[PDB]
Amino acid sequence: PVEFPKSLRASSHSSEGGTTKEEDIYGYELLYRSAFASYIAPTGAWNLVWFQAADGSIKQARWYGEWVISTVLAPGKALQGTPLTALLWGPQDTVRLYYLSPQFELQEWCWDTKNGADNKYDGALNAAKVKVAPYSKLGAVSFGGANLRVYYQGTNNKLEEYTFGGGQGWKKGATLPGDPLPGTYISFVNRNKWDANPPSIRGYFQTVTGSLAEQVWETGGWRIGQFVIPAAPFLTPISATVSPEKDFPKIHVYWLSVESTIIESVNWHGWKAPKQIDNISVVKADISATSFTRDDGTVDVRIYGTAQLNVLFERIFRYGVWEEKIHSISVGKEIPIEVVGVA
């Protein structure tokens, strides 16, 4: 078997106090510690997830009744271990996916489905040849329709913005405040609706001290926000998602504990205390959160990432509870391996 810390739970079926003996799955055609991007339709009707296969291609898992796997970018397009982040607007007929080339330049994949189209193509961002820090992660927001903002870590470790809109094409945007940890995970959200202008932008990142911090944009410019987590694991995965709950934006910020369990902090008329959503240890690796608002005004959340041993998980927050069934989405060949908890 493989050994796992006996104090940690590797799966939903682990013993109550930690792993004793169980079987877990290794999906070896998923890149180990793959990046993840995702977007659930604002209607909740379908889901998109993007990830990197072991062979370096970028793939898509689309849910509509069942999951269907496809390849969106061939090997050679993306850095091995590229970050990923996605946009969806229209409300839901226009998709963009951002990634890094093997030369650490921003790249964009486009999927247009407006009016029944189905056009996939390389975006104009590629031609700007924007070089980023080689360990940069990526975030992005959209507003007013097709006004786009892409966030990355520059070579001097500051967070930086690139902009699209107004007929200008892609142009350098702001340099953000704060002192980001080199290689920090980042996640940016727009609290205002996809068609509204101005946006209300929040970004979450880890600082050089290890704390988690918040970027805030409102008209007038960028500032460091009130969200402060004094300590978090080194290079903790971070992902945030926002949707309106009872007509007020509900921000959900997710990161990992030292036990590699998922911690959530919610902003909704103020920040609520961080709380662990479940006690199952995920692989310490990129996660991706997405959300939508039901007709009753409540907000569903989905989180994707890597579960032990190497499987794509889906965690579901629905009707106000985290569901005990955590799903796995197969992306290729798999082997089952016995796991034993060791002290």
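Residue numbers run from 1 along the displayed sequence. Just so we're on the same page, rigid core means the largest C-alpha set that superposes within 1.5 Å between forms.
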Quick check: by Cα RMS after rigid core superposition, does 168-176 or 212-220 differ more from this form in 4 other deposited structures of this protein?
212-220
109-117 or 148-156, the stretch lying farther from the shown form in 4 other deposited structures of this protein by root mean square CA distance over structures and residues, after core fitting, is 109-117
Look over 65-73 and 290-298 in the entry and identify the one with the greater average Cα temperature factor.
290-298
Residue stretch of maximal mean CA temperature factor, 81-89 vs 188-196:
188-196
In the PDB entry, which of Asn267, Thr207, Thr175, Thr155 has its C-alpha at the highest B-factor?
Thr155
Go through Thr236, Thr113, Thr163, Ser211 one by one and give the residue whose Cα B-factor in the PDB entry is largest.
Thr113
For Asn279, the third of its chain into which the C-alpha B factor falls:
highest
Lowest, middle or highest third of the chain for the C-alpha temperature factor of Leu31?
lowest
Based on the deposited C-alpha B factors for this chain, I'd like to know if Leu309 is in the lowest, middle or highest third.
middle
Would you mind ranking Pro180 by its C-alpha B-factor against the rest of the chain and naming the third, lowest, middle or highest?
lowest
Third of the chain's Cα B-factor distribution that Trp170 belongs to, per the entry:
middle
